[PDB]
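**Student:** Pasting a structure below so you can have a look.
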Amino acid sequence: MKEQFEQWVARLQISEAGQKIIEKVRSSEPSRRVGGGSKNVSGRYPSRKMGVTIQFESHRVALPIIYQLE
DNA sequence: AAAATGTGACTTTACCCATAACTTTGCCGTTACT
């Protein structure tokens with residue numbers, strides 16, 4: 001898993017700080033839990049690409065993009 | 001930091017079909033008058 005990411009970085013020549021951000025994003029829990037708010041149907045979706053639960057604030061705005069990406 | 005779910009089961013009008021209990025008419029018989 002780490003070797004393929006390292007080859008990805010080498011192929012795209014991402015800088016040291018860019019690699020640092022990518023590594024931090026890869027290994028970190030989400031910053032904030034999605035809140036219900038007042039007008040958005042929120043929740044979580046199981047993704048087999050990542051293989052985890054991904055949180056969407058809006059089921060008709062962010063969730064379609066999540067479906068595409070999955 | 002934020003889009004984007006009202007339903008549907010149980011009531012209430014609303015119009016039509018049927019018939020009672022009278023008014024509303026024409027039509028003809030009768031009669032006062034000319």
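Scheme for the structure tokens: letters A, B, ... for chains in order shown; per-chain residue numbers from 1; ligand numbers from 1 in order shown.
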So that I can check the surroundings of segment 15-31 of chain A, please list as a PDB file with N, CA and C atoms, in the first residue's frame every protein, DNA and RNA residue that reaches within 10 Å of it, counting only C-alpha atoms (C1' of nucleotides) and ignoring chain neighbours fewer than 6 positions away.
**Tutor:**
ATOM      1  N   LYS A   2       1.935   1.234   0.795  1.00  0.00           N
ATOM      2  CA  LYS A   2       2.819   2.393   0.875  1.00  0.00           C
ATOM      3  C   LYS A   2       3.708   2.500  -0.358  1.00  0.00           C
ATOM      4  N   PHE A   5       1.784   4.124  -3.288  1.00  0.00           N
ATOM      5  CA  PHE A   5       1.678   5.564  -3.077  1.00  0.00           C
ATOM      6  C   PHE A   5       3.013   6.258  -3.318  1.00  0.00           C
ATOM      7  N   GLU A   6       4.113   5.635  -2.888  1.00  0.00           N
ATOM      8  CA  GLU A   6       5.430   6.222  -3.113  1.00  0.00           C
ATOM      9  C   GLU A   6       5.740   6.320  -4.601  1.00  0.00           C
ATOM     10  N   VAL A   9       3.744   9.191  -6.017  1.00  0.00           N
ATOM     11  CA  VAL A   9       4.390  10.468  -5.726  1.00  0.00           C
ATOM     12  C   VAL A   9       5.588  10.683  -6.641  1.00  0.00           C
ATOM     13  N   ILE A  54     -18.369   6.901   4.571  1.00  0.00           N
ATOM     14  CA  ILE A  54     -18.032   8.254   4.156  1.00  0.00           C
ATOM     15  C   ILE A  54     -19.241   9.129   4.470  1.00  0.00           C
ATOM     16  N   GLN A  55     -19.007  10.291   5.070  1.00  0.00           N
ATOM     17  CA  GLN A  55     -20.103  11.121   5.560  1.00  0.00           C
ATOM     18  C   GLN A  55     -20.446  12.208   4.550  1.00  0.00           C
TER      19      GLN A  55
END
**Student:** Pull the closest atom pair for each residue of chain A that gets at most 7 Å from chain B, along with the distance in Å to one decimal, counting only C-alpha atoms (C1' of nucleotides), ordering rows by chain and then ascending residue number, as a Markdown table.
**Tutor:**
| residue | atom | partner | partner_atom | distance |
| --- | --- | --- | --- | --- |
| A:37 | CA | B:2 | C1' | 5.6 |
| A:39 | CA | B:3 | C1' | 5.3 |
| A:40 | CA | B:3 | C1' | 5.0 |
| A:57 | CA | B:2 | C1' | 6.5 |
| A:58 | CA | B:3 | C1' | 6.7 |
**Student:** Using DSSP on the backbone coordinates, identify all residues within chain A classified as helix (DSSP H, G or I); present the result as a ChimeraX atom specification.
**Tutor:** /A:2-12,16-26,62-69
**Student:** Quick one: distance from atom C1' of residue 7 of chain B to atom CA of residue 62 of chain A in Å, one decimal?
**Tutor:** 27.8 Å
**Student:** Can you measure atom CA of residue 66 of chain A to atom CA of residue 34 of chain A for me? One decimal in Å is fine.
**Tutor:**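 Going from atom CA of residue 66 of chain A over to atom CA of residue 34 of chain A, I get 14.7 Å.
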**Student:** To one decimal in Å, tell me the separation between atom CA of residue 1 of chain A and atom CA of residue 14 of chain A.
**Tutor:** 17.5 Å
